[PDB]
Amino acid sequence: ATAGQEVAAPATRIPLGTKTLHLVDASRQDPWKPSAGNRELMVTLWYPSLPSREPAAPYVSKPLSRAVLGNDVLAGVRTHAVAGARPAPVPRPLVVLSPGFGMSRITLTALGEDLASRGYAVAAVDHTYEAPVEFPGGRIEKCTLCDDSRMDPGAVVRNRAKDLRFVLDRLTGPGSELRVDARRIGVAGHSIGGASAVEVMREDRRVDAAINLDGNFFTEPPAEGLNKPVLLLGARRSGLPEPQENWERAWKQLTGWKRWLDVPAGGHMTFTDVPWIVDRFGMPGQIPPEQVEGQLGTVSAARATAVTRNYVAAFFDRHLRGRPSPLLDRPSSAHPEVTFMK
């Protein structure tokens, strides 16, 4: 089932390293479970490394695979990054990634490694109690907010902005486990993570550019405007009134570089590893039949991964590395699934 199985091949064959970091923000009590203490976060780094002959890191542990999928099969999948490999010479521009609500940061692995293979330092962030998360010493915390109807998505976005600013403090500061080019920082995220990517850019002058991968906004638009680059990349919003109006309200206060793309035949999960997880390793009725259209659409796992990687890389190459791309400006015959809403 998993013998020799891997995540989608990244853009290049450069050596990649990976590290997992346990960060504790001791200035803030945890917003959802303050009895547990201060706000802690788990982060996965992917980065260009020196060559290593060690095997690549697994996608996930067996216990966390059980928590995410319902069985351990994903623990047999290998990535393309070597745990603890020494970083390559020059500090690289940093892209920070935030997952969808209830979803592990591991669901952005194919994207993260791909950006790393293109020459970026990448940090995927877990937001505790908003996903199953594995901490050091085998401690797995549950998505306790997933159960709770008292969850406010605006509160989640506002707190995630604080989480992400703290991650930037740690990765750009003197004690960092990975030296990055702090002059060039991008943030992207899936669903509520995408709303949070834009939110942190509003709050933090160090963030240069942001991508929202199909998240509704849950905070009111800035009255002063947001003049920094934003890509809105959604799924099925061409024929969904509520998602379209949500993004139209945000669009009016985006005062700088901006694009709004749609994947009309995609699904909400198109911008993550979930299509690949479900299509290759999913149980019978992993996503129930009535939700398949909305969550996955008809875009294959391979195309979902390719489209997301290519457009995300195009955006960050444009704003962080001075490289143009026609993908951001006009229809692409190599990506017939992508349309322009503006």
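The numbering used is simple: start at 1 and walk along the sequence shown.
Relative to its counterpart among 176 to 184 and 125 to 133, 176 to 184 has the higher mean temperature factor, C-alpha atoms as listed in the PDB entry.
Mean C-alpha B-factor is higher over 326 to 334 than over the other stretch, the pair under comparison being 10 to 18 and 326 to 334. In this entry, the residue among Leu115, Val230, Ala88, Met103 with the greatest C-alpha B factor is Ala88. Across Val312, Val60, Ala67, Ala304, the entry's maximum B-factor at the CA atom is seen for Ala67. Per the PDB record, residue ranking by Cα B-factor puts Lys142 in the highest third of the chain.
Among the modelled residues of its chain, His190 has a C-alpha B-factor that falls in the lowest third, as given in the PDB entry.
Among all modelled residues in this chain, the alpha-carbon of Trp251 has a temperature factor (C-alpha) in the highest third. When the modelled residues of the chain are ordered by C-alpha B-factor, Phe281 sits in the highest third. When the CA B factors of the chain's modelled residues are split into thirds, the value for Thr298 lands in the middle one.
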